[PDB]
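Let's start with one chain on its own, the form deposited in one PDB entry, as structure tokens.
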């Protein structure tokens, strides 16, 4: 397919940093205003500024992510609006007014419904399904890396650890990593596949269904491998029916072939979203 994605290379003076939004992976994200050259409009943006010390490998990876994320793809992935190539690379994207899903669920704990949670799980799966189709392994999928455009619309973002797989490459061999969201084979053998993304997807869904609890809270990160090989997993969130929790459990099978495919997670969460109260018992949050 002719990939007519437009990539904008912006001068730094088109951007104004207005507020610090938080940290992404390997970079600081700012709220700002992009005034595109030749235009008088003030567009609300997020601007992620990466480390200043970047190796060739890193620059190549940044440009891969940019090659994929510039496309008009899924509505459930954040689109790269443009890059500013100063000494330090700045990545520019549409500002999502409701911030990251992790904060959103924590601070809307009392008001979020079954339908919301299930829609988000579906949309994240749809986003990841799409990334799978474009050969991108995220390696860092987590509630902190999903954004809320609006209550009914989430987007996978950041992509700080994302790797584009070449033709007939099926694993990335890996640098600091999110241990508590990682598949066992990723922790132990630094192998990253779309199937180890499914594991991270399961922890994301756990995060949402617990309203942003910390996975394995108080458990040191060094004990996580051992814990997982001894068959422990994250416990059933109070609001999950066994239906929903079983899918999570399936994401955390030690054999990566026994984990769901993202297209199956799409269909399973779409089915459940149709009758949300049957699969998420929201009253159990009390």
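In this text, rigid core is short for the largest set of C-alphas that superpose within 1.5 Å between two forms. Residue numbers count along the first chain shown, from 1.
In this entry, residue 174 is separated from residue 175 by 1 to 3 residues of the deposited sequence that have no coordinates. Relative to one another, 164-172 and 134-142 have unequal mean CA B-factors, and 164-172 is the one with the higher figure. In this crystal structure, the stretch out of 35-43 and 56-64 whose C-alpha atoms carry the higher mean B factor is 35-43.
For the set 180, 155, 111, 194, the PDB entry assigns the largest Cα B-factor to 111. Based on the entry's C-alpha B-factors, the most elevated value among 92, 188, 102, 118 belongs to 188. When all modelled residues of the chain are sorted by CA temperature factor, residue 147 is found within the lowest third. Residue 201: CA B factor in the lowest third of modelled residues in this chain (values from the PDB entry). Among the modelled residues of its chain, residue 250 has a C-alpha B-factor that falls in the lowest third according to the deposited record.
When the modelled residues of the chain are ordered by their C-alpha B factor, residue 21 lands in the highest third. When the CA B factors of the chain's modelled residues are split into thirds, the value for residue 83 lands in the middle one.
Keep in mind the form deposited in another entry is missing from the figure; the text below concerns it.
Of the residues listed here (239, 253, 70, 228), only one shifts its CA by 2 angstroms or more between this form and the one not shown after fitting on the rigid core, and it is 70. Comparing the forms between this form and the one not shown on their rigid core, the Cα displacement of residue 274 stays under 2 Å. Relative to the superposed core, residue 85 undergoes a Cα shift of 2 Å or more between this form and the one not shown.
For residue 12, a C-alpha deviation of 2 angstroms or more is recorded between this form and the one not shown after rigid-core alignment.
Note: residue 160-residue 253 Cα separation is 3 Å or more shorter in the other entry than here. By 3 Å or more, the C-alpha separation between residue 139 and residue 25 grows in the other entry relative to the form shown here.
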